[PDB]
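> Build the 3D model from these lines:
(one chain, ligands or ions: 1)
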Amino acid sequence: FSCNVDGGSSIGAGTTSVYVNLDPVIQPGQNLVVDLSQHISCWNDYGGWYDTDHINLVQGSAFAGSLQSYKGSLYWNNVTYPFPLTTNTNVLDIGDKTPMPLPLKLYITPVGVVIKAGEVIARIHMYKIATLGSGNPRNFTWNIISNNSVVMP
Ligand SMILES: CC(=O)N[C@H]1[C@H](Oc2ccccc2-c2cccc(C(=O)O)c2)O[C@H](CO)[C@H](O)[C@@H]1O
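Numbering: from 1, shown residues only. And now the structure:
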C-alpha cells in the first residue's frame, strides 16, 4: 500500500506535509472547506484485488494546538464525522493499482491573521491494514498546512 501528495513520490508510512489553499479572507463565523481529495491519493501496490488494503482515519485526529478551539467536521468515504475525531472512521478498501484520490474533506469553523502560511492547521491520522497474513499495518499522518495567510477583520 502506498500514497502520494500532489502526484509526488510514493509514501509507505509516516508523516507527510499536505499544502492547501485556503480562503484568504473570512468573516466570523464563516466556514472553510478543505478538499483533500485534490492532493492525497493512494493505491494497492499489487493490484487485482489480491491483497486488498483497508484504510480508516483514527480517533484523536484534530486541529493543530493553536487552533484547538476550532469547531469542524471531517467527511470520509460517505460519512461526515465531527472533527476532531472522537472515533475511528469507516473503512475504505483499496485494491487497484490506479491511484485513488482519498474521499476526504475537512470543514473548518474558526472559534488580523488567523492562520499563517506554513502553519499546520490539522493532523489527520490514517491507519492501513491489508488482508493477507498479518496485513502489515502502517500508520500515516497528514499534516495539513496552509499555503497562504488567512485574515479576519
Ligand atoms: C510489507 C507490506 O507493506 N506489504 C503490503 C504490500 O506492500 C508492497 C507491495 C509491493 C511493493 C511494495 C510494497 C510496500 C509499500 C510500502 C511499504 C512497504 C513496507 O515495507 O512496509 C511495502 O502491498 C500490499 C497491497 O498494497 C499490502 O498492502 C501488503 O500488506
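> Can you pull the residues of this protein lying near the ligand?
Applying the criterion Cβ under 6 Å from any ligand atom, the portion of the chain that neighbours the ligand consists of 1-2, 12, 44-46, 51, 53, 130, 135-136. From N, CA and C alone the C-beta is placed, and that goes for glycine too.
> Now go through those and say which are in strands.
In this view, these that belong to strands under DSSP state E are 2, 53.
> a markdown table please, covering the residues of the chain next to the ligand and showing neighbour count.
A markdown table is the format used below for the residues of the chain next to the ligand (neighbours: other Cβ atoms under 10 Å):
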| residue | neighbour count |
| --- | --- |
| 1 | 25 |
| 2 | 18 |
| 12 | 12 |
| 44 | 22 |
| 45 | 13 |
| 46 | 16 |
| 51 | 17 |
| 53 | 25 |
| 130 | 21 |
| 135 | 15 |
| 136 | 14 |
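> Residue 148: which of the residues of the chain next to the ligand is nearest?
Compare each of the residues of the chain next to the ligand with residue 148 using Cβ to Cβ and the shortest gap goes to residue 2, at 29.1 Å.
> and the closest residue to that closest one other than its chain neighbours, how many residues sit next to it?
Nearest non-adjacent residue to residue 2, counting by Cβ to Cβ, 6 or more residues apart in numbering: residue 10, 4.5 Å away. Other residues within reach of residue 10 by the criterion other Cβ atoms under 10 Å amount to 10.
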